[PDB]
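Only one chain is shown below, in structure tokens, and it's the form deposited in one PDB entry.
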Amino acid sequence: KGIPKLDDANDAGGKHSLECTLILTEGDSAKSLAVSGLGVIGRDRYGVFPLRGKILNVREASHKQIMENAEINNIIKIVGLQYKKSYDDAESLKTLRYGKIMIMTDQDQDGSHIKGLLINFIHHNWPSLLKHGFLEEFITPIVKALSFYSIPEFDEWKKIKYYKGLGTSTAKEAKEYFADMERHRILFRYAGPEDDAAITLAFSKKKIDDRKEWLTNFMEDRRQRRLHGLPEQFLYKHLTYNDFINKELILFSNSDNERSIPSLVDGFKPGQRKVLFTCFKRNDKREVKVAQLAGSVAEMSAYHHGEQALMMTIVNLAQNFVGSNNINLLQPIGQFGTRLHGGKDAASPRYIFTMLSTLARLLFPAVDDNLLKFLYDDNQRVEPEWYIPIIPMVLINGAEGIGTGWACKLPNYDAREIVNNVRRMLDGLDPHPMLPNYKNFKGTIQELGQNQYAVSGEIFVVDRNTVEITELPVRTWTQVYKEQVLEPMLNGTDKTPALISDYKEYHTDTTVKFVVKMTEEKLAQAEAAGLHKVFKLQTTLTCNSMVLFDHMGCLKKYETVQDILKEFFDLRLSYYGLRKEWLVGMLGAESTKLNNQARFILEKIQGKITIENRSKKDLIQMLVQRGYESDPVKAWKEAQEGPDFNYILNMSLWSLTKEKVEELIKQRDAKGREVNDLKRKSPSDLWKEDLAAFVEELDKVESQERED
């Protein structure tokens, strides 16, 4: 047939074609799983073809984009479909190579997404097939203990095995699935108007706001459900397209917003936060290859997606070039991308390295980890719902992402202006308004209207024939500008003749210099029309979707950055008071511990009590009879949810030496003074300390950057 990745059913194309089934699989490992699953006998009436991934959404797409799509036309040639053909009459179905499509995907949410896009494809092009049951799915278990086809069903029911993707199952497993097909095969049924309404609601861009309402209800409902203790409702026999869209695809849509839409608190997405948690736990003193760090992240954070997406998450986190990260929390040791190509010139993750910026733990103090809520994946504690940085990182690095029904775009903001605004609010004033600010951007950004800005590079008149372009607007890449602006100006086009006579390039990996030559008259005309407009050095920047998850995990639209700043500020200063409470608890327990250590050893050297030959039971009983406390640090740590004095009896015999008692009394007095000194500090003073340290290191680091 000409498609090498396809294994065609023996009876496909023959007089039995209508009884044949094409199995569309997610990935080629699923392909092999199904192939071995059917074996010799299954090969007659069952074809199997792989899909690379998410497919084209054909409902709104251009004609050229559809006609040039390799996968779509592969499925068309395999099944024998013809565009605009309706299938009712026997004469019409004589032309099909297969009578059914059985989609086999993972039992996770992205699988459901592929299911939905295939449903949308068939529903858009051939409703004649969709109404009559041309489409089926082959479900697999996500967990076993007997089999369970969704995590809520297994949780409600409650050796346990978790199945990540179809490739995890193998060998006999696959064959087992294909011996009993009554349980694993589910037919999509068309009930009526509700089905069409549901499909178009999911896959049409006219329905975006509808999707918003859709998802909103879901979120509220589930939270309300979660509040009242009602169990999660789950699927998995016939399944109507409506019930699929609203009870299954919807969880992909919500999971898509949850992974794609950052938190207001730390400005992170679950993947990024997993990466940073892993880095925090490893605490590498030396650089680590991005591929190896990626695998380590996967192990330690329980990151269940593919390695490529995570490696590029890391790369995106490390990028320091103009227009990317105002503060990069990972160091880009390697080629991580440049201003020239916009980062697309980054070297392979196998050949580049990274590690924590020395500002990372200054922005996310280690002690604050004791204030967070760490989540769990199958009894493995992984990473918190959020970190709580000393300043609103969601504003600094310009968080963005694309979900379903909502998207998020924020531009960057100067760290020092944000630090100053936090200081203003700590001193009881109102914050100043803030325009976006991009580190090392030499151009201007000026406020046009509400949430709209003009971003302009720099261009100068050198002389009558010469202009010098020293800056391009933020996110305009050097190579792209050359190809799409200066080169068309120089060579001219069909409609537009040549404006400029020549140009030359003086660039730095981090900077832009163009020297353009024009005729006298044509420069005069260009500056009459204005230089930034003619040379395309002004772009509009409009942020009307700032969508973030607040500290409750609720999606919220913020109209101004000052709202983000205030909400963050309240939360963060609350957590600073929490940090003081925790610190007086911990330091207080430590000081009591040091005090009972000192009393014990001071009485041993003073001769008040002798430990020699005392039985363990008799000694512990005597110690509790003499008033010694039990391990105040372990007791206070356990209290946050036999008597242990080991902290006293595991001390060295060196303890009773004169300089050990001396240094231990000094430690005791010093810890007491530490508790008294921190007790008199306000939480705001704690915050100001953190901010001062952060700016000291920020000046050192950025001046080292400019010197290098």
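For every residue, the number given is its place in the sequence shown, counted from 1. Under this definition, the rigid core comprises the largest set of C-alpha atoms superposing within 1.5 Å between the forms.
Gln233 is a gap in at least a third of the other entries compared, counting only those with both neighbours built. Of the other compared PDB entries of this protein that include residues on both sides, at least a third leave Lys159 without atoms. The stretch of deposited sequence separating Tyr236 from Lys237 contains 4 to 9 residues lacking coordinates in this entry. Counting the unmodelled positions of the deposited sequence between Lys158 and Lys159 gives a gap of 4 to 9 residues. Between 218-226 and 340-348, it is 218-226 that carries the larger average Cα temperature factor according to the deposited entry. For the two regions 627-635 and 249-257, the entry's Cα B-factors average higher over 627-635. Listed residues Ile75, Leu146, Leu201, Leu531 were ranked by CA B-factor as deposited; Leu146 comes out on top. Out of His184, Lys100, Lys536, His113, it is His184 whose C-alpha atom has the highest B-factor in the PDB entry. Among the modelled residues of its chain, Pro262 has a C-alpha B-factor that falls in the lowest third according to the deposited record. When the modelled residues of the chain are ordered by their C-alpha B factor, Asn57 lands in the lowest third. Among all modelled residues in its chain, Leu426 ranks in the middle third by Cα B-factor. The PDB entry assigns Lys688 a C-alpha temperature factor belonging to the middle third of its chain's modelled residues. Per the PDB record, residue ranking by Cα B-factor puts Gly405 in the middle third of the chain.
The same protein has a further form, the form deposited in another entry, not shown here; the description that follows concerns it.
Just one residue from the list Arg423, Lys85, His507, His341 crosses the 2 Å line for C-alpha shift between the shown form and the other one on a rigid core fit, and it is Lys85. In this overlay on the rigid core, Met102 has a C-alpha that sits 2 Å or more away from its partner position between the shown form and the other one. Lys439 is not among the residues whose C-alpha shifts by 2 Å or more between the shown form and the other one once the rigid core is aligned; its shift stays under 2 Å.
When two forms of a protein are overlaid on their rigid core, residues whose CA moves 2 Å or more are considered shifted, and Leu371 is not one of them between the shown form and the other one.
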